[PDB]
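Counting neighbours? That spans all protein chains shown, and the Cβs are built from the backbone with ideal geometry, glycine included. None of the figures in this text is laboratory data; all of them are computed from the coordinates on show.
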Amino acid sequence: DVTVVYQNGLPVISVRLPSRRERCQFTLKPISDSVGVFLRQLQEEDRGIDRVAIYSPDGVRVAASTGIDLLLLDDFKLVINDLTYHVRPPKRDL
């Protein structure tokens, strides 16, 4: 799976990327990082990623400008190449 865990107050997203078996974790800043920033970090991590996107649980594409704080208010789907991951963050205030 893709997991979301808060460490030292910040969300840490751990992902399996297509080109290696070792998982990679991405620490994000909810107040300043955006969806698009995180997708760019993923692509920079693994050149074997041809395509990456995030969708709502209802399957609607999430805007790249959206803050990570808003994204982590509820579940989401993370598409990496031909795999879709249902991510379930821990629900926190805002």
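The GluC sites (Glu not before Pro) of the stretch 5-51 meeting both criteria, a DSSP state outside H, G, I, E and B (loop) and at most 10 other C-beta atoms within 10 angstrom of the site's C-beta, are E22.
Helix 35-45 versus the longest principal axis of the chain: what is the Cα-based angle in degrees, 0 to 90, to the nearest 10? Once rounded, one gets 30 degrees.
Protection proxy ranking of 31-40, 3-12, by the mean of other Cβ atoms within 10 Å over each peptide's residues and highest first, is 31-40, 3-12.
Here the relative contact order of the stretch 24-83, from alpha carbon pairs under 8 Å that lie six or more residues apart, stands at 42 percent. Applying a DSSP loop filter and a limit of 11 other Cβ atoms within 10 Å to the trypsin sites (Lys or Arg not before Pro) in the stretch 1-39 leaves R20, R21.
Taking label points 7 Å from Cα along the Cα-to-Cβ direction, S19 and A53 give a separation of 2.3 nm.
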